[PDB]
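Inspection log for the structure reproduced underneath, given as structure tokens.
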Amino acid sequence: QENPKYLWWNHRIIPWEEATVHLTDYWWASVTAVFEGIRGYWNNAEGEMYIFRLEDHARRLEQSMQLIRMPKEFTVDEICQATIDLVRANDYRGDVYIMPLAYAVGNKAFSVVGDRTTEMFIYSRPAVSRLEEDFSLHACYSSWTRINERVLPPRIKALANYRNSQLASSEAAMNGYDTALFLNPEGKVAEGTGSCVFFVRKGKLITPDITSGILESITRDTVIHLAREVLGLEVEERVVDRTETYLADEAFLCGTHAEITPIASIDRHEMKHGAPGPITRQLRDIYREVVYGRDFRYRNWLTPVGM
Amino acid sequence: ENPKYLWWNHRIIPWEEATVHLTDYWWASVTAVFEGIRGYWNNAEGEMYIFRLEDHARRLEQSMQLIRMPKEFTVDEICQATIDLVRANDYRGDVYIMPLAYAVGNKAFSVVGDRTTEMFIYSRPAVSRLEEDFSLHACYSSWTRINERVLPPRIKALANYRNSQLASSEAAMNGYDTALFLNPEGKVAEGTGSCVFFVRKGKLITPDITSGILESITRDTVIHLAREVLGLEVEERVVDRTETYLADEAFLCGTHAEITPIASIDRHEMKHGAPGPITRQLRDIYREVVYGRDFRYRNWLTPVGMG
Amino acid sequence: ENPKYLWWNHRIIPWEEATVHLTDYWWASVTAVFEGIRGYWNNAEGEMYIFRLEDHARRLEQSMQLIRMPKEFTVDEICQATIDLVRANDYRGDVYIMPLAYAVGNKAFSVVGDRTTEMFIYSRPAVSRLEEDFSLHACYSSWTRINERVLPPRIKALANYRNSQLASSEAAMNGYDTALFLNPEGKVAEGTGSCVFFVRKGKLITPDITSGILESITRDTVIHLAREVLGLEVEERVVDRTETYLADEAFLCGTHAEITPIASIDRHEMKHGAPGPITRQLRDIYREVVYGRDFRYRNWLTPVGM
Amino acid sequence: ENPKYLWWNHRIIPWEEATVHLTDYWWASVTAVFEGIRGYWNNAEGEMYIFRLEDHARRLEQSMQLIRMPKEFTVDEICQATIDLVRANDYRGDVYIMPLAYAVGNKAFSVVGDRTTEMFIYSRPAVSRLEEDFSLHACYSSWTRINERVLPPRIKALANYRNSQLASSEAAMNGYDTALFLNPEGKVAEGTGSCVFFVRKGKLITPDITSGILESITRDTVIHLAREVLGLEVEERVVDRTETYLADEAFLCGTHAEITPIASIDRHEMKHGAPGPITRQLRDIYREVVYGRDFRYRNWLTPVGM
Amino acid sequence: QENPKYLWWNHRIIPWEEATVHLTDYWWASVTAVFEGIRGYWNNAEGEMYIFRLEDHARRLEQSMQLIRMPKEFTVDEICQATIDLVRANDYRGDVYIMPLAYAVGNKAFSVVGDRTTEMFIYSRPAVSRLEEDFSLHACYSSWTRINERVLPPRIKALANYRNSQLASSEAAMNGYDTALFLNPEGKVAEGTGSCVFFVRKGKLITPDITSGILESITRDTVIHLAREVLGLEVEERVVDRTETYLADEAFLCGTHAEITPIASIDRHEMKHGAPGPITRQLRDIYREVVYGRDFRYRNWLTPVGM
Amino acid sequence: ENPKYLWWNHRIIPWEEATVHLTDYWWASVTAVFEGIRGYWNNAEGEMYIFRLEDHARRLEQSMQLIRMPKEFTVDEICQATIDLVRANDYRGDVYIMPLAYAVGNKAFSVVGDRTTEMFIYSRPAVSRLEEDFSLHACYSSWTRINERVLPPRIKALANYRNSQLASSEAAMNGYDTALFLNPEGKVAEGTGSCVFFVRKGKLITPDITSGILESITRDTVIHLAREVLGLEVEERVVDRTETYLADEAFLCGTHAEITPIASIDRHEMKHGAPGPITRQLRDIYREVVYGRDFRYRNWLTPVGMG
Ligand SMILES: *Cc1c(COP(=O)(O)O)cnc(C)c1O
Ligand SMILES: *Cc1c(COP(=O)(O)O)cnc(C)c1O
Ligand SMILES: *Cc1c(COP(=O)(O)O)cnc(C)c1O
Ligand SMILES: *Cc1c(COP(=O)(O)O)cnc(C)c1O
Ligand SMILES: *Cc1c(COP(=O)(O)O)cnc(C)c1O
Ligand SMILES: *Cc1c(COP(=O)(O)O)cnc(C)c1O
Ligand SMILES: [Cl-]
Ligand SMILES: [Cl-]
Ligand SMILES: [Cl-]
Ligand SMILES: [Cl-]
């Protein structure tokens, strides 16, 4: 009904309905699973889809797989080509969200994987952008602590990490908030439940540094480049404290799926300059012109699909 | 090949009918919780006994509650479904039974919100080693056990096993059979799929539950057996790493692992062997209990009526 | 409006004469320690009973010692001053009595040098809810409880309540009646103004004192009553957050809060209600004790002679 | 004895009329936040200059916001009130000015509900030591500095000083003039009432703000002066305890403390003395600034019109 | 001049002057070194020396050596006999303090030992007892933190541990105190710089439990036995807080060398019942009658030397 | 066999004269601090160069100060003594020189109080491997590095190596050449006898000094060489464990270890080899510097006058 015509699985583009499996097949594998979120952005005027920083996502997926210790099976170039092929084959001409997901198949046990082989699918579906809309969310700080390198490295884009995200997002929802921010075990600001967080204070952009215990977000990376290069902003990656964020002029989440999400308040402290505030607005607009292929300066970040 | 049946969402179904799409359950797996339950086949009686079925069903309900899955399955239904399934499968041998509950809602990891609760029960043959004398060499992992700050170990969640996997994968590449965890404070927690006991000078010593461990039912059984049958002094307390190096004996216990003797820890050999005298007594008593040959603990057994 | 008297620096003084300058006590407040004590009015007897007066006076002495206030007011004086004040005020009803001690020293916050010790006792009408069945919804705070490293919770210092205020303010704006704290290690400590108990499978469980909590006198009372009157097993131990989500019942206790049932924690509902069976028994036993109708514990009571 | 006036809740009031009841402000004190601001009297000019008045008024606004006090007094009002008070007091000498804001709410410590915001400003004579060469011996405290988990040090709250008091009281009884804090992770934070700087090999080093310190305005001033006037490299970073034992020079800075040289830390003597060469230069530059004799930084000064 | 006639070294009693070595011989070995402190107590009336809990000390030394991973070389019985032989040979008839010290000889490097053999000497010298004197010390809590199992297990009686002790004792001395007490990394009471600590409050004896991060003191063990068995005191081994110790009725250090050392104050808070307070006094007296061989109930703790 | 001389307490003495008693220095070793210094023999010039002698002498003085040893030896004396000794020994080859200072006072570990300061300097042949291409396999230890709370890593104290030994002994029994430490917060600190560098995408990354590491002089050298000769971007910062798994190259550096390439970490292979391109450049530049063949860094060298 509302399923794509195809997916990619284990080196092959296949009709959706051929990837039928048993209920009991993938539960143990899910504990090993790592994934990527990738957007294809549809430029109607050009009649072209641009995949955003596809190679960087493919590379991070390879790194995640490596950190899980999955044997080599899929190259970066194969992941990139498979993605292009799948988006083309699906023949949906609109904004999409693409999820490669890799998993090890080994022991029918959760505790220990043993002898394993590596498998992977890529799943592409329509997904709206909101880059043309001005909106914002109310955030709280969670009473649950972010995973850290001691227990579950946040660098690894593992499915299991999201159980931690879920503790926080479920608490935000029952406590009257749209979204939750995490503190790390040391009590410093880490990231959102599915994205990284930026603060604007006195004309400066401030974001937790990578060793704060966060995923090395590609949207985050993009934003830092755009802030420095297009807007000439000072950007500090540093340790960030909870109460300083209460006083931010502006704040936003960023991630592939969430794009640039302005934050109106944090623990009910309202960002002084609104949401999206002036600087967030500029970053959001620049980002949108980049990802839709309307900004020649950042062409190398885009992979045209050819449809 | 495969069992004849599964139980799924209130009904016993033929194995072959439980087909699904490859992409169906990856997000759900982040919410998933499970139980391990053994059925033990007593050939002389021609009967299967399920060990502490109601205790497992209750812990499953607690896990689901702690995930905030809406009510859907009662403890009594879980118990009856399990009995029905083991009988229907008509396999006359040691089995391992896995009830596994999951919430279905958003095809997103970061947040589920208004979702429904689903569950299958999967019973498969699984050998016992209770008649074999064997032992494993353990290391302490360089990875830290999850704690209540980040991922409560009380909840039998699939996601927790990503942490188990860091440690067990390190044990395997470093020449050990099995890994033990320290908690963030540096105290002894549990094994990657089981709890741990130490014997020193006639006394049984095991990390207390607030050490950051699952409230193991085999652990609970062992404490009852040690106190009531053998009159051993049993301490649940904070346990230090180096004291375990000097244990006379040590063992893992868990539903799947049964009673697993440990020969050495970080290459320090338990001086009374593995299984040492006390482990041997406990292993034998446990075996006579679970196979239904010890009337003192019959209340822990659910006969399936395979006759 | 106001009580007829208070007690201040060794003397009962008419309310209106205890006037001071705006700038007198701000620095002093950083050193200040206090107690909460209830007087319970038994109408049938026409008598007021002060609950565990001497124990509170002793804890006040300990707090003052831990602040290093020079000796000035003995336990005996605190007890007598309290009795005298409640009698002089001639209010025949449930009261809440607050002795508050402070060092007078440097007009600086950072440091006091040589200091003298001062104290007032302030008694005011305060209703009991021990005849009412009610309960609160609690959350765990995202703010951490003070610990011995930074601000020993053993000391009943005013400054500690700035930490309480972070949590109770968050509970209020997030839709809850009351907040529970985790300590820095992530274990269950206490409420913002009281200690917490959980009932599970017929057993009473409460964070041990080294969890980083005040040594509550209501807590101590409850442990005695649970063991002695109901024959319950009571465990003082490390308590984990998720185990409390599964408690059959839960309650706060403290002098002001009395026995306050908890209906839910982080929206996990206590399965046996609020007050559940065991809480109800403890609340009722406590009420019969403090109003002087249980002679087994009469030695905890100081009759005022009203 | 006493200033002729203070400012309170929108009005200048004669000193003697600001009388209150003993029991009025104890609960309020737990919510209280304050600022320290100096007025420096330039005798030659016959003028008082208030140092970075607007920055202090803004930090006070921030503290009040972090306590969640409803808006009542704007930055502009705080600045004008300060000017008016110093003028009205007509004291022609170095002063120390303390605005103190507090919420008036529940007569309880644990929790305030709906509250209103109040504030007084209290100006008093206070000597400068910027013309004197002196130094202090410091120890590291065995008590740990508050952190964002429990009591954010960013908030200039009275309650924070209970933590300061643990350390300064220990320094005093153990033979030292002043105490430095480690944060919970064991890194150098700040003094009990000021920030700390170290000089090593011609470089200035100071704990970064996320070390768990107040965002000191004297600290900010010093960083500007070191970089702009002396062309020194200044590093804000994590600082370790033992590296400070090897500093060539060290000093405290804060509004009240001004620039206070440190002779030794845990009896390790700063090798270049106290004030060492660089501290001496910074102290002198700071003095010329605050007394209005350095026109490069005149925008930091508010002339009172005395 | 003032040196014993003999020591024991590597299986042999030797004249003192034969154990000459090069300045550069033992510096790397010292990093590996572990030791024991043992008292011989001279009962003049009997003309006998009694060594206190010699076998327990020998066993702990073997454990320390094991935890350092020194190859087996010296048995418990040899250590005990060597000690007896040496005390006899030295022919000093008075209170002595005996230090066995074991070390690995391997790499001329500190970082890493490599291939190693195990060596050991025993060094016995006159040492006064003060068990007939009433005296006390003023203690402070150190600003330096006690070593823990994460970094340097306090269970192991290693020379290196005392560098940590030295930070605290040096600070006590320069700050006007006799002696320092430690907090562990979690901020809880651990032990003294060379002994364990006990508090008396409301007729009860309270001491940090072993997993507080302390050496498992044999004097501590003795005291707990004596308090329970002779005095019928309630003794709690538990987590202990700093401020509760400020309010103790009494307090004391105990260790082999320090015997029972009363503490008059802690951070200048004076113990309410003096030093030695009533209970400390009773324990000190009972201890003295035991170690000098005047209490038949505890004869098994004593090894008579035969002189 | 042995060098002809040592330096001890202000004088050069014949090796054979520095005899002592077995029992003399065990307590002193707890206070002891040392330096490692290399002399490099340039055969073409027939000269020995001491590398950064004054920097080492200064760090020795700082260590001694931090131990609170009374003043006794000046930096200038240490430097001259070293030169004198290397010359007197008349060995024409690569040497490793160890000045080692210790306080002598009480024959007790727990406390020294009013003691005197002593020092020897010990120069011995030691091969360089700067002309060999080799690499080591590293693991992260399950033991935590000492920190400023317990045992400041800044101080080059013998006692700190007990902590090194836990990790290096674990590496050896677990099949690795060398161990890396995490600090108590779980961040990358240093090797057991050296500092560590990572190369990722052209950038050199090394833990900052407040990570809890010795302020390595080889580390300092490397940062100067990388920036000034090669124009590499060098970050001193907090470093995470899993980021190091993905380093293109990695190496240890220390006086004794020189520049030691790391082939893999926890069996993750550095993808550019060992020595990788950048390590190779740094190793070669370092070699040309220390042997006196690079005039740009001549100021770091002290010629001994062996000619
Ligand atoms: C996916 C994700 C992000 C953002 O990463 P992008 O690469 O920018 O999509 C950030 N944090 C977490 C926890 C995430 O899962
Ligand atoms: C399954 C398991 C146990 C043991 O639990 P039982 O109730 O004895 O099966 C213990 N610890 C962990 C981490 C486990 O996964
Ligand atoms: C006042 C108070 C209690 C209760 O102690 P009681 O002696 O029972 O009144 C408990 N915890 C805290 C934090 C308190 O302030
Ligand atoms: C008042 C104070 C300072 C100094 O801040 P200034 O704005 O420079 O006066 C620094 N630290 C603390 C803890 C303080 O109380
Ligand atoms: C030697 C010692 C003790 C006491 O142990 P005993 O076996 O009673 O001599 C306690 N703590 C430390 C650190 C010690 O070194
Ligand atoms: C000796 C050593 C180093 C390196 O120091 P250099 O000054 O480069 O010799 C680094 N770390 C540790 C732990 C060391 O022992
Ligand atoms: Cl995403
Ligand atoms: Cl299992
Ligand atoms: Cl000893
Ligand atoms: Cl070296």
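Chain identifiers are assigned as A, B, and so on, following the order in which chains appear in the structure tokens; residues are numbered from 1 within each chain, and ligands are numbered from 1 in order of appearance.
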
Would you list, as a PyMOL selection string, the residues of stretch 159-210 of chain B that end up in helix (DSSP H, G or I) under DSSP run on this structure's backbone? chain B and resi 159-173+209-210

Selection file, C-alpha atoms, as a short mmCIF file (atom, residue, chain, number, x, y, z; two decimals), in the first residue's frame:
```
data_model
loop_
_atom_site.label_atom_id
_atom_site.label_comp_id
_atom_site.auth_asym_id
_atom_site.auth_seq_id
_atom_site.Cartn_x
_atom_site.Cartn_y
_atom_site.Cartn_z
CA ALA B 159 19.50 -2.89 24.17
CA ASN B 160 21.48 -3.70 27.35
CA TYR B 161 23.15 -6.59 25.48
CA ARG B 162 25.03 -4.09 23.28
CA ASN B 163 26.99 -3.41 26.47
CA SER B 164 27.30 -7.18 27.14
CA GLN B 165 28.65 -7.54 23.59
CA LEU B 166 31.48 -5.04 24.10
CA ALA B 167 32.76 -7.18 27.00
CA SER B 168 32.17 -10.65 25.52
CA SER B 169 33.73 -9.65 22.22
CA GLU B 170 36.80 -8.39 24.14
CA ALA B 171 37.01 -11.67 26.11
CA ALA B 172 36.92 -13.67 22.85
CA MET B 173 39.65 -11.67 21.15
CA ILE B 209 21.27 -6.05 43.44
CA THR B 210 22.10 -2.34 43.78
#
```

Can I get the residues close to ligand 2 as a PyMOL selection string, where close means within 8 Å and we count only C-alpha atoms and all ligand atoms? (chain A and resi 111) or (chain B and resi 35-37+56+153+156+160-161+164+190-195+213-220+253-258)

All residues 12 Å or closer to residue C:16, only C-alpha atoms, same chain fewer than 4 positions away omitted, as a list in words: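 The residues satisfying every condition are residues 1, 2, 3, 4, 5, 6, 12 and 20 of chain C; 19, 20, 21, 22 and 23 of chain D.
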
Any chance you can output those residues with C-alpha atoms as a PDB file, in the first residue's frame?
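Generated file (part_8.pdb):
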```
ATOM      1  CA  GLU C   1      -2.472  36.938  62.520  1.00  0.00           C
ATOM      2  CA  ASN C   2       0.664  36.324  64.633  1.00  0.00           C
ATOM      3  CA  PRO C   3       1.684  34.477  67.871  1.00  0.00           C
ATOM      4  CA  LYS C   4       1.809  36.624  71.031  1.00  0.00           C
ATOM      5  CA  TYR C   5       5.456  35.712  71.633  1.00  0.00           C
ATOM      6  CA  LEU C   6       8.661  34.261  70.410  1.00  0.00           C
ATOM      7  CA  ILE C  12      10.442  35.219  75.795  1.00  0.00           C
ATOM      8  CA  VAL C  20      15.466  44.365  63.584  1.00  0.00           C
TER       9      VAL C  20
ATOM     10  CA  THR D  19      13.060  48.010  60.313  1.00  0.00           C
ATOM     11  CA  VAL D  20      11.481  44.565  59.878  1.00  0.00           C
ATOM     12  CA  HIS D  21      10.424  41.629  61.984  1.00  0.00           C
ATOM     13  CA  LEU D  22      12.953  39.058  63.205  1.00  0.00           C
ATOM     14  CA  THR D  23      11.009  36.301  61.408  1.00  0.00           C
TER      15      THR D  23
END
```

Please provide as a PyMOL selection string all residues within 8 Å of residue A:141, with the sequence filter that same-chain residues fewer than 2 positions apart are discarded (counting only C-alpha atoms). (chain A and resi 139+143+180-183+266-267) or (chain C and resi 142)

Let's have the selection written as a PDB file, in the first residue's frame, with N, CA, C and O atoms.
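Output file selection-v7.pdb follows:
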```pdb
ATOM      1  N   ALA A 139      12.165  22.357  24.996  1.00  0.00           N
ATOM      2  CA  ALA A 139      13.049  21.289  25.461  1.00  0.00           C
ATOM      3  C   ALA A 139      13.098  21.244  26.994  1.00  0.00           C
ATOM      4  O   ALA A 139      12.946  22.273  27.637  1.00  0.00           O
ATOM      5  N   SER A 143      16.214  13.774  33.376  1.00  0.00           N
ATOM      6  CA  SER A 143      16.751  13.234  34.620  1.00  0.00           C
ATOM      7  C   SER A 143      17.507  11.934  34.337  1.00  0.00           C
ATOM      8  O   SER A 143      18.058  11.344  35.260  1.00  0.00           O
ATOM      9  N   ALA A 180      13.861  16.429  24.540  1.00  0.00           N
ATOM     10  CA  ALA A 180      14.725  16.355  25.720  1.00  0.00           C
ATOM     11  C   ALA A 180      16.182  16.576  25.317  1.00  0.00           C
ATOM     12  O   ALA A 180      16.607  16.098  24.269  1.00  0.00           O
ATOM     13  N   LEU A 181      16.938  17.258  26.184  1.00  0.00           N
ATOM     14  CA  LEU A 181      18.378  17.384  26.065  1.00  0.00           C
ATOM     15  C   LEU A 181      19.010  16.550  27.182  1.00  0.00           C
ATOM     16  O   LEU A 181      18.412  16.398  28.249  1.00  0.00           O
ATOM     17  N   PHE A 182      20.220  16.032  26.924  1.00  0.00           N
ATOM     18  CA  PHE A 182      20.931  15.196  27.880  1.00  0.00           C
ATOM     19  C   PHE A 182      22.081  15.959  28.520  1.00  0.00           C
ATOM     20  O   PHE A 182      22.740  16.797  27.850  1.00  0.00           O
ATOM     21  N   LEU A 183      22.296  15.623  29.810  1.00  0.00           N
ATOM     22  CA  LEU A 183      23.575  15.816  30.479  1.00  0.00           C
ATOM     23  C   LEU A 183      24.379  14.516  30.437  1.00  0.00           C
ATOM     24  O   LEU A 183      23.801  13.426  30.513  1.00  0.00           O
ATOM     25  N   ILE A 266      14.173  26.166  27.202  1.00  0.00           N
ATOM     26  CA  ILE A 266      14.836  25.009  27.803  1.00  0.00           C
ATOM     27  C   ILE A 266      14.492  25.051  29.282  1.00  0.00           C
ATOM     28  O   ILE A 266      14.742  26.075  29.908  1.00  0.00           O
ATOM     29  N   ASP A 267      13.885  23.978  29.800  1.00  0.00           N
ATOM     30  CA  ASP A 267      13.353  23.976  31.159  1.00  0.00           C
ATOM     31  C   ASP A 267      12.536  25.251  31.423  1.00  0.00           C
ATOM     32  O   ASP A 267      12.635  25.863  32.483  1.00  0.00           O
TER      33      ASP A 267
ATOM     34  N   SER C 142      15.825  16.147  37.966  1.00  0.00           N
ATOM     35  CA  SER C 142      17.011  16.151  37.135  1.00  0.00           C
ATOM     36  C   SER C 142      18.152  16.850  37.873  1.00  0.00           C
ATOM     37  O   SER C 142      19.246  16.865  37.345  1.00  0.00           O
TER      38      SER C 142
END
```

Residue with smallest distance to chain A - pool C:105, C:175, C:207, C:39, counting only C-alpha atoms: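 Comparing C:105, C:175, C:207, C:39 against chain A, the winner is C:175.
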
Find the residue from F:232, F:188, F:304, F:239 that sits nearest to chain A; use only C-alpha atoms when measuring. F:239

List every residue of stretch 93-288 of chain D that DSSP, applied to the backbone, labels as strand (DSSP E or B), and write the result as an MDAnalysis selection string. chainID D and resid 95:104 116:125 136:140 157 178:182 188:191 195:200 203:207 234:237 249:254 258:265 268:269

Distance of atom CA of residue A:256 from atom CA of residue A:213, expressed in Å to one decimal place: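 So the answer is 18.6 Å.
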
If the cut-off is 9 Å, can you tell me the residues of chain F near chain E, counting only C-alpha atoms? I'd like them as a PyMOL selection string. chain F and resi 15-23+25-27+29-32+67-68+109-113+120+122+142-151+157-169+172+184+192-193

In terms of the shortest atom-to-atom distance over only C-alpha atoms, which of A:189, A:82, A:253, A:128 is closest to chain D? A:189

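Residue neighbourhood of residue A:116, excluding near-sequence residues (fewer than 4 positions): residues 70, 71, 104, 105, 106 and 107 of chain A, at 8 Å, using only C-alpha atoms.
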
Residues as selected, C-alpha atoms, written as a PDB file, in the first residue's frame, can you do that?
```
ATOM      1  CA  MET A  70      31.529  -6.799  11.703  1.00  0.00           C
ATOM      2  CA  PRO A  71      33.696  -8.551   9.023  1.00  0.00           C
ATOM      3  CA  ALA A 104      25.885  -9.195  12.161  1.00  0.00           C
ATOM      4  CA  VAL A 105      24.378 -12.667  11.798  1.00  0.00           C
ATOM      5  CA  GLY A 106      25.891 -15.137  14.243  1.00  0.00           C
ATOM      6  CA  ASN A 107      24.827 -16.728  17.544  1.00  0.00           C
TER       7      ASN A 107
END
```

Polymer residues at most 8 Å from residue E:280, only C-alpha atoms, same-chain spacing of 3 or more positions, as a PyMOL selection string: chain E and resi 250-252+262+275-277+283-284

Could the residues in this selection be saved with C-alpha atoms as a PDB file, in the first residue's frame?
```pdb
ATOM      1  CA  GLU E 250      35.426   7.985  70.738  1.00  0.00           C
ATOM      2  CA  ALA E 251      37.704   7.061  67.863  1.00  0.00           C
ATOM      3  CA  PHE E 252      40.924   5.126  67.361  1.00  0.00           C
ATOM      4  CA  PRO E 262      43.191   6.726  70.399  1.00  0.00           C
ATOM      5  CA  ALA E 275      40.873   9.377  74.222  1.00  0.00           C
ATOM      6  CA  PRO E 276      41.157   6.609  75.162  1.00  0.00           C
ATOM      7  CA  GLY E 277      37.451   6.722  75.889  1.00  0.00           C
ATOM      8  CA  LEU E 283      39.561  -2.869  73.768  1.00  0.00           C
ATOM      9  CA  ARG E 284      43.150  -1.668  74.233  1.00  0.00           C
TER      10      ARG E 284
END
```

Report as a Markdown table the residues of chain D within 12 Å of chain F, each with its shortest atom pair and distance in Å (one decimal), using only C-alpha atoms, ordered by chain and increasing residue number.
```
| residue | atom | partner | partner_atom | distance |
| --- | --- | --- | --- | --- |
| D:140 | CA | F:149 | CA | 11.9 |
| D:142 | CA | F:149 | CA | 10.9 |
| D:144 | CA | F:149 | CA | 11.6 |
| D:182 | CA | F:149 | CA | 9.6 |
| D:183 | CA | F:149 | CA | 10.7 |
| D:184 | CA | F:149 | CA | 9.8 |
| D:185 | CA | F:149 | CA | 8.2 |
| D:186 | CA | F:149 | CA | 5.8 |
| D:187 | CA | F:148 | CA | 8.1 |
| D:188 | CA | F:148 | CA | 10.5 |
| D:207 | CA | F:210 | CA | 11.5 |
| D:237 | CA | F:210 | CA | 9.1 |
| D:238 | CA | F:210 | CA | 6.5 |
| D:239 | CA | F:210 | CA | 6.7 |
| D:240 | CA | F:210 | CA | 6.2 |
| D:241 | CA | F:148 | CA | 7.0 |
| D:242 | CA | F:152 | CA | 7.1 |
| D:243 | CA | F:154 | CA | 8.0 |
| D:244 | CA | F:66 | CA | 10.9 |
| D:245 | CA | F:66 | CA | 7.7 |
| D:246 | CA | F:62 | CA | 7.5 |
| D:247 | CA | F:62 | CA | 11.1 |
| D:265 | CA | F:66 | CA | 11.8 |
| D:266 | CA | F:66 | CA | 10.7 |
| D:267 | CA | F:68 | CA | 9.9 |
| D:268 | CA | F:65 | CA | 8.5 |
| D:269 | CA | F:65 | CA | 10.6 |
| D:271 | CA | F:65 | CA | 11.9 |
```

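Take atom CA of residue A:240 and atom CA of residue A:188: the distance between them is 6.0 Å.
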
Report as a PyMOL selection string all protein, DNA and RNA residues lying within 8 Å of residue C:162, evaluated on only C-alpha atoms, omitting residues in the same chain fewer than 5 positions from it. chain D and resi 30-31+151+159

Give me, as a ChimeraX atom specification, the set of residues whose atoms come within 10 Å of any atom of ligand 9, counting only C-alpha atoms and all ligand atoms. /E:35-39,97-99,194-195,217-219,254-259 /F:108-110

Please indicate the distance in Å from atom CA of residue D:111 to atom CA of residue C:168, rounded to one decimal place. 5.7 Å

Chain C contacts on chain A, only C-alpha atoms, 7 Å, as a short mmCIF file (atom, residue, chain, number, x, y, z; two decimals) with C-alpha atoms, in the first residue's frame:
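Just written: iface_25.cif:
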```cif
data_model
loop_
_atom_site.label_atom_id
_atom_site.label_comp_id
_atom_site.auth_asym_id
_atom_site.auth_seq_id
_atom_site.Cartn_x
_atom_site.Cartn_y
_atom_site.Cartn_z
CA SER A 142 16.36 14.83 31.17
CA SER A 143 16.75 13.23 34.62
CA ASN A 175 6.31 16.06 31.47
CA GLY A 176 4.81 18.44 28.88
#
```
